[PDB]
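Notes to accompany the following structure.
Heads up, the Cβs are rebuilt from the backbone with ideal geometry, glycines too, and the neighbour counts pull from every protein chain shown. Since every read-out is calculated from the coordinates, none of them should be taken as a lab result.
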Amino acid sequence: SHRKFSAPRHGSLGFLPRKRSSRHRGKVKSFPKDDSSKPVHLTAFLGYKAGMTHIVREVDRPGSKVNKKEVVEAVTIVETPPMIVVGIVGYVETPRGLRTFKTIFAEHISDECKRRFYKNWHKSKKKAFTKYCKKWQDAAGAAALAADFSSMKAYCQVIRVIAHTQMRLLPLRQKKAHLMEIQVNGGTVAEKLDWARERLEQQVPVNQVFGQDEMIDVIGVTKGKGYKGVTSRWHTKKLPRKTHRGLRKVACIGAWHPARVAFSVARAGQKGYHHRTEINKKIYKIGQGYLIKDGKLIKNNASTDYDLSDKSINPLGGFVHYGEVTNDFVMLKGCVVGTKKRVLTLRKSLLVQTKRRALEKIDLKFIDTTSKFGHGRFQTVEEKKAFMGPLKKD
Amino acid sequence: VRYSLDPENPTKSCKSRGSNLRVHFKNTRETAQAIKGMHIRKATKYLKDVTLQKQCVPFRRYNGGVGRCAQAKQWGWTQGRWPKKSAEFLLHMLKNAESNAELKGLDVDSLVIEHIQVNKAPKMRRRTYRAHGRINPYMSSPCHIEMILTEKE
RNA sequence: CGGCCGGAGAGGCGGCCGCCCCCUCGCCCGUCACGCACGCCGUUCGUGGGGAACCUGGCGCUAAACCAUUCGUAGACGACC
RNA sequence: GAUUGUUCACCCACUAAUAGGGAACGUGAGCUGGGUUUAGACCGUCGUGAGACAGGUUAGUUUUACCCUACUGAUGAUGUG
RNA sequence: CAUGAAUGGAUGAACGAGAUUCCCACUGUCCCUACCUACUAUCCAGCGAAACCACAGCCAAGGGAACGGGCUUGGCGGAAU
RNA sequence: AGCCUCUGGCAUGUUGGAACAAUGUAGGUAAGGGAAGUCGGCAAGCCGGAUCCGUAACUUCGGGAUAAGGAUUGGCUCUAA
RNA sequence: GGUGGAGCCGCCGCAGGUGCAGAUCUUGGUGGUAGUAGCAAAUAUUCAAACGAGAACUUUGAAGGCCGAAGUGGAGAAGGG
RNA sequence: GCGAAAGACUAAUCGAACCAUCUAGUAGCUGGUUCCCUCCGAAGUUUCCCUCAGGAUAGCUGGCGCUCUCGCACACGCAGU
RNA sequence: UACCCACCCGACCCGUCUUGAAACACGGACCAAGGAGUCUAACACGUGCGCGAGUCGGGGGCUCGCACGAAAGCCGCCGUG
RNA sequence: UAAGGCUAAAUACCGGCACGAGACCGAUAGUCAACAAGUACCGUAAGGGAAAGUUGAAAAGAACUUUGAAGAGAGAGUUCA
Ligand SMILES: [Mg+2]
Ligand SMILES: [Mg+2]
Ligand SMILES: [Mg+2]
Ligand SMILES: [Mg+2]
Ligand SMILES: [Mg+2]
Ligand SMILES: [Mg+2]
Ligand SMILES: [Mg+2]
Ligand SMILES: [Mg+2]
Ligand SMILES: [Mg+2]
Ligand SMILES: [Mg+2]
Ligand SMILES: [Mg+2]
Ligand SMILES: [Mg+2]
Ligand SMILES: [Mg+2]
Ligand SMILES: [Mg+2]
Ligand SMILES: [Mg+2]
Ligand SMILES: [Mg+2]
Ligand SMILES: [Mg+2]
Ligand SMILES: [Mg+2]
Ligand SMILES: [Mg+2]
Ligand SMILES: [Mg+2]
Ligand SMILES: [Mg+2]
Ligand SMILES: [Mg+2]
Ligand SMILES: [Mg+2]
Ligand SMILES: [Mg+2]
Ligand SMILES: [Mg+2]
Ligand SMILES: [Mg+2]
Ligand SMILES: [Mg+2]
Ligand SMILES: [Mg+2]
Ligand SMILES: [Mg+2]
Ligand SMILES: [Mg+2]
Ligand SMILES: [Mg+2]
Ligand SMILES: [Mg+2]
Ligand SMILES: [Mg+2]
Ligand SMILES: [Mg+2]
Ligand SMILES: [Mg+2]
Ligand SMILES: [Mg+2]
């Protein structure tokens, strides 16, 4: 017979080889279509989720109840030190797919970049890229990497740039840099290419990839939660109190005549640590790490013009569970996938964004920096000694 | 008595057997084939780490329900355990044979465990008591272990 | 034997130039010869085949992986960072 | 949602709409056990009687998965020196 | 249909682990689930059963003892767990 | 009564070690709503001791009755009896 | 051919308790399941020493604990021997 | 027997104990029924039966024969025509 | 021919009751040993043999302690029947 | 010739004592019992009631050396084995 009272299904099938993700750094599965008229730029970046906080801003969407009112928005902060370019890679279009031509790494490489090459490091001799680097000064310093750029100029169509993070500038215990191919959505290969030939061994800060109030996509790995019941995983109903054998299950799996349990029935399994691609997140502010000209420009982190304190986005006691953010960052509206410290990939929008809620230029009026290690009550440490004042420990 | 697979050179080969020992034949067979073909001193160490849980014994034939482990990767398996009694019992027998080769006049440090074999033994009887007054047989499974070390170097 | 090309769709191939030494070979004719094995079968080649083990010379080489340990961003164990 | 063991029914209320059905009249080693449908009892009718009654009524044990498969997750696997 | 007088009729204080209905109080019964604890399960050393078993174990449709795992035709199939 | 302790008696009731997954079995707690839950308020929680007050219908005049409904309650220093 | 260590068969006649796959057959034996289910009711153990081939489990000391006098304490009946 | 009555209880047994025997009780009803080869080869219909899951009798079957015929230049007989 | 392997074609698991079984009908994990138309009496027909209007056979008797014998042989008994 | 009485022989013997034999069974057979069998064991009791034969010819039943806490081994020896 049929279902008495119809109801939607629990949880989308559009996600459902719901397994522990096979990668860790968020892999970009599609880069934006390269319009070959606009100048050359990078399409992706690589940041680290740090924490969250309150924002205060004025709204401009006329006709709404909250036009010219102040709202609070929760924002993540993605600590994003400048990435380093090490190599370029060519791709050529085939019927069978999109094959890779020619990877050409620079003369130097790094130290952090070597880490990403061997599982155990301190046991090894650190020999990676020790004879490829030899090519970059001799007669063959023209054969294998000057006829190659001419080859990648003749037959290549799409050119990405292999670029690794700097793991030494972060508070993290990791030192294995994160490499990633970041496609160059410029125009005219050989201009797409005689730009990355230049930026070999070079820094790339976040203000080159991304601009303020730009719709990007965040590509990371869900927070992990282990084996979970059908009730947590697929968010089913709980059976009534009286059920003899468990009440956190699905009473009926399937019907008798399809003698297999179906692909789409809810089951217990791993939950969390899936790969997800969040789209259409907005940037509220591109940051700038506390650099030195005389000393410690911590001011230029959370000092919006409307309050002009000298806060760093670091709250009191740093961002709980992760540390203090000390270089550039991007402030994102709402929540991003992943836990603290997770490697986050930041892609530019594949959509032509022309809505009213987007394109909305943003003015920060106050950035909350009170401690997240409990119920913080007051923002900066000097303000603490404006209240209570002289403590006993003096 | 005779063994199966009597040795190539009866001159440079010592033997040792045990009959009716209280180990579990499905474990002592797994730990007997893992040590098979090794060189004596390499195996004495291996059988001590089986006790200290530093190297496993990969469970190939009798693997039902046996859990995965990390040290199983060396043998190219997934399942492996640390059968401690099984290690201790073919450790005496690996130590008895090391003396039979001493008395025969051989080179102790060039002996390679070439043949080794574990057979089921006449089972023991106990009884467990089960619901509704049933009485099941709660039996043991002993074994006859026997091994032949050769001089191969 | 050296150099310059051309070819990328999974290229795997050619092409085009210098120099050394050597040979004179497709077609008609003469001229003889070549175990003529005594009527008999798997003949004739792509074959320096493909793969697996071992005896000469020249140039180069100089590891990582897994365990043990540690970490949790991960966990039923495995696995993973 | 109210009533009902109910399927079915009827109403209240909301809504964009409160369409109709199949999957062993989907689905008890998934549940519940209200209804049927044991043994206890109670009435009415019938039967001389034991008893009968799709006539009511109240009380009445709901087992076993470790096997193969499917499915969900989890290690791996031959190849690629 | 088919009540009714010791096959007892009508009442009824107290009493009832007797059967219903309603209201107040209360509440994770529910909207809608969440987390915390103990013992498990989980992995390990030790010790070790049983029911069950033709052969066995991926599907669609067809026919067929009129609902196949095996047969026909398709779909497909990768060790050990 | 329960709860803690002397006298006396044991060594966690046929094992240990490592972890804190899902389901469980026992215990707990939940914002707002409060029986909309279900066949039914199933289970659970509300009440709870004492002192002071206060007490209905009904009645076989014994009861109902701890009806219902309210208040008070520690420590200390006194006083009175 | 082998192992085995004391008896055995061919033909003509006679006599049978005379030929097994099966009977939820009888008795005995052995697998797959499986090194799996399991060794989870009453809060609890730890340190040092002794003994010893060998100690989480014995013994002594120390510490923490429970039974809490309607006992896990001290004595008897029936029963046991 | 015993029952403040449920057919309750009477040594894990009760709408009628346990033990041995009569006993290999009876079964128109299930289950099984042991070597080869060769030749022949059915029935599910008739009448009667407390007959309708069985028998009795008819048929259909086989075995055993016998009486003759004459392919022994020299045949009457029969027939799903 | 029989051991292993390869291939092309064929090929559903046996026993059973059944109009119909590979059956989503039942018995069957596996292997050993055991295991089911017997004897007696009474008829009936067929067949072999002795004698033949007769022919026995029993019970008795006469001959052994048996070795073979509790046999064989013999008896107006032989016809009482 | 009743109402009173005695009696050897041929006749019967799955108990008992003592024997003899067999076209019998041969250790799941033959008695339940080839053995410490009506024993072990079950049941309150009446009763029920098993399994279990074979070293060699002679114990000549493995001294001694060695490894091990020991069980077990390695050599040696006994033997026709
Ligand atoms: Mg519908
Ligand atoms: Mg229940
Ligand atoms: Mg916080
Ligand atoms: Mg038990
Ligand atoms: Mg009992
Ligand atoms: Mg149904
Ligand atoms: Mg079901
Ligand atoms: Mg059920
Ligand atoms: Mg009911
Ligand atoms: Mg009833
Ligand atoms: Mg009446
Ligand atoms: Mg009447
Ligand atoms: Mg398990
Ligand atoms: Mg405990
Ligand atoms: Mg005890
Ligand atoms: Mg609440
Ligand atoms: Mg309700
Ligand atoms: Mg409802
Ligand atoms: Mg209750
Ligand atoms: Mg009242
Ligand atoms: Mg003999
Ligand atoms: Mg016989
Ligand atoms: Mg037989
Ligand atoms: Mg207590
Ligand atoms: Mg005492
Ligand atoms: Mg029948
Ligand atoms: Mg039928
Ligand atoms: Mg069928
Ligand atoms: Mg039947
Ligand atoms: Mg007289
Ligand atoms: Mg016997
Ligand atoms: Mg025998
Ligand atoms: Mg016997
Ligand atoms: Mg024997
Ligand atoms: Mg024997
Ligand atoms: Mg012999």
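The number of residues in region A:360-394 that are free of Cβ contacts under 8 Å to residues at least 40 places away in the same chain and in a loop (DSSP other than H, G, I, E, B) comes to 14.
Looking across region B:61-80, the residues that are in contact with a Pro (Cβ under 9 Å, 6 or more places away or on another chain) and either within 14 Å of chain A (Cβ to nearest Cβ) or outside any loop (DSSP other than H, G, I, E, B) (or both) come down to B:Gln79, B:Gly80.
Could you list all residues from region A:89-125 that are in a strand (DSSP E or B) and in contact (Cβ under 8 Å) with a residue 40 or more places away in the chain?
A:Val89, A:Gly90, A:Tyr91, A:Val92, A:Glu93, A:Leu98, A:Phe101, A:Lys102, A:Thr103, A:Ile104, A:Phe105
With respect to the conditions (1) under 30 Å from A:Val336 (Cβ atoms); (2) touching a residue at least 40 places away in the same chain (Cβ under 8 Å); (3) outside any strand (DSSP E or B), A:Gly187 falls short on a single one, namely (1). On the stretch given as region A:12-48, residues that are in a loop (DSSP other than H, G, I, E, B) and touching a helix residue (DSSP H, G or I) at 6+ places or on another chain (Cβ under 8 Å) total 3.
Could you say whether any residue in region A:211-229 is within 30 Å of the chain's Cα centre (by Cα), in a helix (DSSP H, G or I) and among the β-branched types (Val, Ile, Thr)?
No.
For B:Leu111, only one of the following conditions fails: (1) touching a residue at least 12 places away in the same chain (Cβ under 8 Å); (2) more than 16 Å from RNA strand C (Cβ to nearest atom); (3) loosely packed, with under 14 Cβ neighbours inside 10 Å. What is its number? All conditions are met except number (3). Under the condition of being in a strand (DSSP E or B) and among the polar types (S, T, N, Q), the residues counted in region A:282-328 number 0. Do we have any residue at all in region A:235-242 that's more than 11 Å from RNA strand D (Cβ to nearest atom) and without any contact (Cβ under 8 Å) to a residue 12 or more places away in the chain? Looking for residues that are more than 11 Å from RNA strand D (Cβ to nearest atom) and without any contact (Cβ under 8 Å) to a residue 12 or more places away in the chain, one finds at least one in region A:235-242, hence yes. Quick one: in region A:272-297, which of the residues that are surrounded by fewer than 18 Cβ atoms within 10 Å (Cβ to Cβ) and among the aliphatic types (A, V, I, L, M) is farthest from A:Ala74 (Cα to Cα)? The qualifying residue farthest from A:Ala74 (Cα to Cα) is A:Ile292.
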